[PDB]
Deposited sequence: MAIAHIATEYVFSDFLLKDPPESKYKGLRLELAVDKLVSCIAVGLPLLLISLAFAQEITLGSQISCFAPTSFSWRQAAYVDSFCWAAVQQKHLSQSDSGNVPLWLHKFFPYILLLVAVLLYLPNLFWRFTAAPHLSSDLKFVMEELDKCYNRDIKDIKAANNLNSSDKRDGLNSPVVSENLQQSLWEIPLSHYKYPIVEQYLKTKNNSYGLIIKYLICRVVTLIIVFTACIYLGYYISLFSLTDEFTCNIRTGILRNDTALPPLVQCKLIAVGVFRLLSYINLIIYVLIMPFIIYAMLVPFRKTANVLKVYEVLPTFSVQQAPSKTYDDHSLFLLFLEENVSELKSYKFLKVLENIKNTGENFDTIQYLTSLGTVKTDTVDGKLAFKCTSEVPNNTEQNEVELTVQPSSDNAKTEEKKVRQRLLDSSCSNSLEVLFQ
C-alpha cells in the first residue's frame, strides 16, 4: 500500500487550480512592478527638481485602496486556500490511512481464506457498521470544503467589484498642500496623476474571475457526499459466502474506498467472476 491516495481526484485538482493560479498571477504582477519601477506617474510642474517631483508622486500614491492592495489580497487568498488541505492532512489524513489499510487487508485475507476453503473441500461488515453513527470524518471534510467555497466566493466578489470599479477614468486629480505648504502659491492647486498598472490588473482579474467561477460547481458537487455514485464495491464481494443517503462518515469512507480499489488484487478476479455470472 505505497500509493494510497487519501484525496479525491476532483478535490486534488480544485485545490491546485485555486492555489497555483493566484501565485502565478501575483508573480507576473510583481515582475511587472519591478520592471516598471513605480505604480503611479504624476505630472509635476516644470520648476520642480527631481526630489520634489518624487515627493509629489509618492504623496499622491500614499493618499482607491482596492487598487493599491491587489497583490497582497491575492497572496492572502492563495495562502488561505492552501490552509484547508493542510488542516485535512494534519488532522484527518492519518486516521483514514490506517482504516483503509485495515479494510483492504481484511478483504484480501477473506478472499484468500475463501479460496483455500473452496479448493480444499463477518468482520469487515461489522467494522463498516461501527462507522455508521460517528460523524467524525464527515465534519472535518465538510469544514475543508465549506472553507474553500467561502474563500473562493469572497475572492470572486472582490474581483468582480474591482472590474466594476476601475472600468473608466483610472487617472485622478490630487492635491499637494497639506500642512505647512498651504500658504505658498508656487505649488499647483491640483496635479493630474495616472495609475499605470491598472491596465494589466483587469486582465489578471478577468482570468482569476473566469477560472474561479468555473471552479465553484465542482466544490458544490463535492459537498454533496451521499448523492454521488456509491456502493459498487460490496456487490462484487457478495459472491463469497462469507461476505446510503444520510451524512455519516460511512458514506465518506465508502467514497474513499471506491476511489482506490486498485490496491485490492482480489477485486479484479471477483469482477471477472461477476462478469461470468451475468
{"property": "Gaps in the model (deposited sequence, numbered from 1)", "result": "1-24, 88-102, 161-195, 318-323, 359-437"}
